[PDB]
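**Student:** Experimental structure below, sequence on top.
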Amino acid sequence: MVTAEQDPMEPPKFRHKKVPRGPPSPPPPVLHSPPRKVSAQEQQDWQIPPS
Amino acid sequence: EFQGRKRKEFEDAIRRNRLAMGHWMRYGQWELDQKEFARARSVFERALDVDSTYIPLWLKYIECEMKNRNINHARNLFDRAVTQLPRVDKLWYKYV
Amino acid sequence: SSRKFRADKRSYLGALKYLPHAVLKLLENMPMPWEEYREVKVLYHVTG
Amino acid sequence: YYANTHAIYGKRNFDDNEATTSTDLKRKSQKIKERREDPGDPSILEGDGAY
Amino acid sequence: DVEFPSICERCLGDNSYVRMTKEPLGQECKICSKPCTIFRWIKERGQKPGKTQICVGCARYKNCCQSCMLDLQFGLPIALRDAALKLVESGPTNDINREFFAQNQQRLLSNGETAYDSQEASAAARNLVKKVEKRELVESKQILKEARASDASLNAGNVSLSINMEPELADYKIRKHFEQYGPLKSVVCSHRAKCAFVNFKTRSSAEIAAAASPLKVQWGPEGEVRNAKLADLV
Amino acid sequence: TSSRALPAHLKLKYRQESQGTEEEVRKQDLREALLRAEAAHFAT
Amino acid sequence: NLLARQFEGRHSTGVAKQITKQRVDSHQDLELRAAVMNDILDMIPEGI
Amino acid sequence: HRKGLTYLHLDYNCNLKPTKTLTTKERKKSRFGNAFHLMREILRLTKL
Amino acid sequence: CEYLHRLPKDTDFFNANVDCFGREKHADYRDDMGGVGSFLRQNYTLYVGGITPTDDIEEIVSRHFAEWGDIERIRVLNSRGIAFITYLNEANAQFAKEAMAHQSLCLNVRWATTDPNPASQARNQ
RNA sequence: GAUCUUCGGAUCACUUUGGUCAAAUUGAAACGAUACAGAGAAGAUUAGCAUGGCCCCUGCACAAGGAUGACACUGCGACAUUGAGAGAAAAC
RNA sequence: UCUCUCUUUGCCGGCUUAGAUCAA
Ligand SMILES: [K+]
Ligand SMILES: [Mg+2]
Ligand SMILES: [Mg+2]
Ligand SMILES: [Zn+2]
Ligand SMILES: [Zn+2]
Ligand SMILES: [Zn+2]
């Protein structure tokens, strides 16, 4: 093996192109406390009118 | 080329607004109407990657697997769903 | 302007980065008024 | 590596009828030098014994 | 340690001692379009030096030789291999999809699982040769005279043809058949028309070839196929 | 590559002996010092 | 830099842009909107 | 060249003069930066 | 010369990467199908286009093509001056492609496209 | 071949070939023109700064410009149905 | 238990000097 030496005058040899980010690792389990009951009264008490 | 037209518009729509799940559901439906497998699962898994906590998407995927008689796929999908969200009972009830 | 050297164009154009150093070294060694000519030790790219 | 290359060439061309020694080295050089034409004399430049 | 490139010994030369150079990031893979190092060596004296053409991510997903593009198990072109054997699904031919597939596939292949085992390859080869050997082994009357007489006039349940002596299968089979019946000029044929017309230097050779008569014949596209359907009712 | 990416401030500065190194603060009794300073400020 | 941009491309993706006294208001607006969305998402109870 | 600006003439005294009337597209594309122009002017002084 | 001046014969195989005519094969197979084939696909037939003088197009192209190599299939379009000679080997196919360009039978010789025929694809495969 | 050596020999030197690829239509880019429309904010004229990314261009630039550079800015069903009547059907 | 209709039915572009101006 002999590493061929590079020309000091060479510009960048080739273009760099973007690639969309790969998929992530699978998501972990959620592990929540059991959901609570809100009832229609509290569902309505957070109903906001239109602006 | 009509399939190409629809696929390009769906892909650019989901690229512009990546958080709009309605676009993913519509994409899965339209694509499911003719080419019943493979890329349907691909699109739905991509949507799951975007947000895996969206129960309607899970139910939609399961239901589209029941349509096409894929029972073993659907049961693997339930296993993944219940092992991801053990505290939502919609998935458990559909499974049982 | 010939295809015989079209392999050397990338390096030839890449030497533009070092051109100002060549300008400085050339102007630094200008012959003084009392001497008709000056011979200079030079360093050149094989590309020219 | 030179030995291996020489063996490969000898196998390909079947021309392997040589020995090795010290004065043998000079003797092998002698025939090849005899086949060579003379080197001209410097300061003769355009033909007729040009160097 | 980015040690060595996967190169087959057919194109590594028949010398047990070779010298080769490497320049990092000197080229883009011709599949990955990813930066890759070149390895240049001399196969044999009197030959232009060879060089690798693809990265190490490829020739791993393809089990191939970086220089001569031949698979390292069967020694036949990679394109023909993936077209015939159809071992594992290939990648696309368009740029962005192929580069994304190649990059993620290289990632999952470096994860530890081998994408190519040779057991299935040998099995597929034996199956392929098996399939090849197995591959080795009133309405008709009106479509009979609808134009058979017409074209003859213009420029010329069972039916029996006539033999006159008036003075799937490729065309080269015809060429190496008529060499004993004389020199050849040109053989114009068509599989759909099933008609092959041949020309010789002399009419005597053609006529003596015709005299060999006691599957053979002696003297849009659909227009030329009307008599070709006669092969079912010949 | 860029004007603001050039080398600058290559020597990182560390707290010296009297500037409150970890050793000096560990040896020091901060609770009593805090109490005296609070009392002194209250005095004003 | 000129030769690199000539032989490489923009490399525009993944670069930040400082706030330069003309984007101050339009960026302060983004930060305030994000903060209000956070507070909204918090004070709303589960399943509402 | 290599930019397509083959209608710009760089005469031997290092003056960059268009060989034809340029449209808005060409005028916007043929606009060089301070580095190229500074190098051109240093080259002009060297040639002088 | 440093290259063979004779015609390719049956057993003149070369490496997959290298073009059989001495050049090098890329992967994109171009867009106008112009210069050199792609190592990713294995095709032996090439588009030749040009003159459409009379009905004897089949015989004239057969005469002008068989002398370059061994032929497996010839299909000539009657309506327009298009022919698709299919060669047995890559060597003869590419030699003919580089020997019948801008010649008199100018010929617009290119590379063939994937067949849309469900029947032709089956027999090719 | 030069040097010794004693006419046995010893010294001295020892494996090239920077390859976007073989003499330019058919493997270094990017388009002219003609023909069609033909300049952001709910009347009309019009300042701009942003948000999003497989859109870039000029720039040494993390300044700034290119029409506020351009494109894009919407819209739906994890609705449980019962509340009831009527003709039918099979059912209080 | 079908069919039709109605009803109940919780439900699913930003900023600045309002940017600045305005008679057939
Ligand atoms: K404006
Ligand atoms: Mg701007
Ligand atoms: Mg903008
Ligand atoms: Zn090899
Ligand atoms: Zn690769
Ligand atoms: Zn020759």
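**Tutor:** On my side now, so go ahead. Residues are numbered from 1 along each chain as shown, chains lettered A, B, ... in the order given. Ligands and ions are numbered 1, 2, ... in the order given.

**Student:** only C-alpha atoms for contact and neighbour calcs from this point on.
**Tutor:** Will do.

**Student:** The nearest residue to residue I:105 once chain neighbours are set aside: which element?
**Tutor:** Nearest non-adjacent residue to residue I:105, counting by C-alpha to C-alpha, 6 or more residues apart in numbering or on different chains: residue I:64, 6.7 Å away. Using DSSP states H and E, residue I:64 falls within helix I:57-65.

**Student:** ok, which stretches of the chain are strands?
**Tutor:** You didn't pick a chain, so chain A it is. Assigned by DSSP state E, the strands in chain A fall at A:2-3.

**Student:** Correction: the question concerned chain I.
**Tutor:** According to DSSP E, the strands that chain I contains are I:48-49, I:71-73, I:76-77, I:82-83, I:86-87, I:108-109.

**Student:** Return the most buried member of the ones you listed.
**Tutor:** strand I:86-87 (a mean of 23; mean count of other C-alpha atoms under 10 Å in any protein chain shown).

**Student:** Show me the residue at the heart of chain I, geometrically.
**Tutor:** residue I:46 (3.3 Å; C-alpha atoms, centre = their mean).

**Student:** residue contacts, residue C:33?
**Tutor:** The contact partners of residue C:33, by C-alpha atoms under 8 Å, 6 or more residues apart in numbering or on different chains, come to none.

**Student:** Run a quick neighbour tally on residue E:7.
**Tutor:** Per other C-alpha atoms under 10 Å in any protein chain shown, the neighbour tally for residue E:7 reads 20.

**Student:** next one: the one 4 residues further on
**Tutor:** Neighbours of residue E:11 under the rule other C-alpha under 10 Å: 17.

**Student:** For ligand 4, see how far away it is.
**Tutor:** 5 Å (C-alpha to the ion, to the nearest Å).

**Student:** Same check on residue E:90?
**Tutor:** 21 Å.

**Student:** so the closest residue to that residue other than its chain neighbours is in which element?
**Tutor:** Spatial nearest neighbour of residue E:90, chain neighbours left out: residue E:82 (7.4 Å); criterion: C-alpha to C-alpha, 6+ apart. Secondary-structure element containing residue E:82, defined by DSSP H and E: helix E:78-84.

**Student:** show me what contacts the closest residue to residue E:211 other than its chain neighbours?
**Tutor:** The spatially closest residue to residue E:211, leaving aside those adjacent along the chain, is residue E:165, at 7.1 Å (C-alpha to C-alpha, 6+ apart). Residues near residue E:165 by C-alpha under 8 Å, 6+ apart: E:207, E:210, E:211.

**Student:** Show me these that map onto helices.
**Tutor:** If you go by DSSP state H, the contacts of residue E:165 have E:207, E:210 in helices.

**Student:** which one among the contacts of residue E:165 gets closest to chain A?
**Tutor:** Within the contacts of residue E:165, the smallest distance to chain A is 66.0 Å, found for residue E:210 (C-alpha to the nearest C-alpha).

**Student:** who are the neighbours in contact with the nearest residue to that closest one once chain neighbours are set aside?
**Tutor:** Counting by C-alpha to C-alpha, 6+ apart, residue E:210 lies nearest to residue E:218, which is 5.9 Å off, once chain neighbours are set aside. Contacts for residue E:218 were tallied using C-alpha under 8 Å, 6+ apart; they are E:163, E:164, E:210.

**Student:** Mind doing that once more with 10 Å?
**Tutor:** Applying C-alpha atoms under 10 Å, 6 or more residues apart in numbering or on different chains, we find residue E:218 in contact with E:162, E:163, E:164, E:165, E:207, E:209, E:210, E:211, E:212.

**Student:** could those go into CSV alongside distance to residue I:1?
**Tutor:** Listed next are the contacts of residue E:218 as CSV, based on distance: C-alpha to C-alpha, whole Å:
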residue, distance to residue I:1
E:162, 58
E:163, 55
E:164, 54
E:165, 52
E:207, 46
E:209, 44
E:210, 47
E:211, 49
E:212, 48
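
**Student:** From those residues, list just the buried residues.
**Tutor:** Neighbour counting over those (16 or more other C-alpha atoms under 10 Å in any protein chain shown) leaves E:207, E:210 as the buried ones.

**Student:** Centre-most residue in chain H?
**Tutor:** residue H:16 (3.6 Å).

**Student:** residue contacts, the closest residue to chain H within chain G?
**Tutor:** Of all residues in chain G, residue G:2 sits closest to chain H, at 7.9 Å by C-alpha to the nearest C-alpha. When contacts are counted by C-alpha under 10 Å, 6+ apart, residue G:2 is found next to C:16, C:17, G:8, H:33, H:35, H:36.

**Student:** out of everything not next to it in sequence, what's closest to residue 46?
**Tutor:** In the absence of a named chain, chain A is used. Residue A:46's closest residue in space is residue G:48 (C-alpha to C-alpha, 6+ apart), at 7.4 Å.

**Student:** wait, I meant chain H there
**Tutor:** residue C:23 (7.1 Å).

**Student:** Quick check: that neighbour touching residue C:30?
**Tutor:** No: the pair residue C:23 and residue C:30 does not pass the contact test of C-alpha atoms under 10 Å, sitting 11.1 Å apart.

**Student:** higher neighbour count, these two?
**Tutor:** Remark: of residue C:23 and residue C:30, residue C:23 carries more neighbours, 15 against 11, as counted by other C-alpha under 10 Å.

**Student:** Tell me how far that one lies from residue I:115.
**Tutor:** Between residue C:23 and residue I:115 the distance, using C-alpha to C-alpha, to the nearest Å, works out to 61 Å.

**Student:** swap in residue I:11?
**Tutor:** Taking C-alpha to C-alpha, one finds residue I:11 at 27 Å from residue I:115.

**Student:** What about the residue nearest to residue A:46, how many residues nearby?
**Tutor:** 13.

**Student:** now do residue I:61
**Tutor:** 20.

**Student:** Look up how far residue I:78 lies from the nearest residue to it once chain neighbours are set aside.
**Tutor:** The shortest distance from residue I:61 to any non-neighbouring residue, by C-alpha to C-alpha, 6+ apart, is to residue I:105 (7.2 Å). Relative to residue I:78, residue I:105 is positioned 16 Å away (C-alpha to C-alpha).

**Student:** go on, residue A:11?
**Tutor:** If you go by C-alpha to C-alpha, the gap between residue A:11 and residue I:78 works out to 54 Å.

**Student:** Counting neighbours, go ahead and name the busier of the two.
**Tutor:** residue A:11 (20 against 16).

**Student:** got the buried residues for the host helix or strand of residue E:132?
**Tutor:** Assigned by DSSP H and E, residue E:132 belongs to helix E:118-136. For helix E:118-136, the neighbour count (16+ other C-alpha under 10 Å) marks E:121, E:124, E:125 as buried.

**Student:** what's the answer for stretch B:38-48, then?
**Tutor:** B:40, B:41, B:43, B:44, B:45, B:47, B:48.

**Student:** OK, contacts around residue C:26?
**Tutor:** C:20, C:40, C:42, H:46.

**Student:** Look up phi and psi at the first one.
**Tutor:** Backbone dihedrals for residue C:20, given as degrees, to the nearest 10, come out at phi -60, psi -30.

**Student:** swap in the second one?
**Tutor:** Dihedral angles of residue C:40 (phi, psi; degrees, to the nearest 10) stand at phi -120, psi 140.

**Student:** burial of it, as a residue count?
**Tutor:** 10.

**Student:** Next, work out how far apart it and residue C:31 are.
**Tutor:** 10 Å.

**Student:** Same question for residue E:44.
**Tutor:** If you go by C-alpha to C-alpha, the gap between residue E:44 and residue C:31 works out to 54 Å.

**Student:** and residue E:100, what element?
**Tutor:** helix E:95-110.

**Student:** Packing partners of that helix?
**Tutor:** Using 3 or more C-alpha pairs under 10 Å, 6 or more residues apart in numbering or on different chains; DSSP states H and E as the contact test, no helix or strand touches helix E:95-110.

**Student:** and it, does that touch ligand 5?
**Tutor:** No: if you take C-alpha under 5 Å from the ion as the test, helix E:95-110 misses ligand 5, and the best it gets is 7.0 Å.

**Student:** Before I go, just wanted to say thanks for your time.
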